[PDB]
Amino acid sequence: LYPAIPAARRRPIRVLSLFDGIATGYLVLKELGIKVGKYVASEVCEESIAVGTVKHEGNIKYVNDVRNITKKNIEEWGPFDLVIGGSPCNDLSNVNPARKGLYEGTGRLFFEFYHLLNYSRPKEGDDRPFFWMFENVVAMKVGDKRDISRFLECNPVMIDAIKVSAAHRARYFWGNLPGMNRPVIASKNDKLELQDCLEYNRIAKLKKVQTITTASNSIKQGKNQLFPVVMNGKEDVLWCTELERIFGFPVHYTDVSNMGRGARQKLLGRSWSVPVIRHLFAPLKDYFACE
């Protein structure tokens, strides 16, 4: 473990977030009561940046493409107390038949996280606190999960969002955060079943929904593709605000940039389950200021 820091020696956390998406990391941290000194986000999707900008009112320093971040940039924007990233799984997840593996296409962006993590690691002889975490899909080739573990010198613990959300979401988590293997337990404010996420006058046909992707087809459940909701006797798909509640995001979190149904789902389908990230970041409260 890392030495405990007395409550008074704690100082606000300085985070480097790569592939920040819709700023889930920042959202979790401030909903967790942790004072955020600095949040440096690498993201290239204009709609994603739009969300993190508007919902967090400019506390996030955006840093466009991760591949233009230099060793000088890490020392300038540093130091960093936390480095978090989720690499694109367009060419890693088994949901895509034409995936190009870890070393071609979008999968090789993993190594940018590995590269910039070592630039950010404290130099030998400085055991100041330092935490990192990397996330990806469980549905990847065995050679990829093996090689990712070799570069990170670590083995992943899997957490499925289904224990804290209303949705199946099984994801791997490499890292060094305190108590990552700790047993997952729910909260008294986790919307555990789909009915808890719907709005007035809508009925949930299931208690938990299958894994939500970017495409609109993962909203129809199973091999008989039934709409997960009934409203006024008619079958219907989920709503954007309902997808948000499923993921643990605050409602209307993606009501940005004139985005329609398809756009919000593409951003939500790629993100992290908020209550799972809450699980992982929770022991960081004992190492950083709280206001």
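Counting begins at 1, following the sequence as shown.
Per the PDB record, of the two stretches 92-100 and 72-80, 92-100 carries the greater mean B-factor over its C-alpha atoms. Looking at mean Cα B-factors across 263-271 and 10-18, the upper value is held by 10-18. For the set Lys188, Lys163, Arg169, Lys205, the PDB entry assigns the largest Cα B-factor to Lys188. Set against one another, the Cα B-factors of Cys197, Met158, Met133, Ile219 in the record reach their highest point at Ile219.
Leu27: CA B factor in the lowest third of modelled residues in this chain (values from the PDB entry). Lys38 sits in the middle third of its chain by CA B factor, as recorded in the PDB entry. Annotation for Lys223: C-alpha temperature factor in the highest third relative to the rest of the modelled chain, per the entry.
Remark: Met140 belongs to the highest third of its chain, ranked by C-alpha B-factor as recorded.
The entry lists a Cα temperature factor for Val184 that places it in the highest third of the chain's modelled residues.
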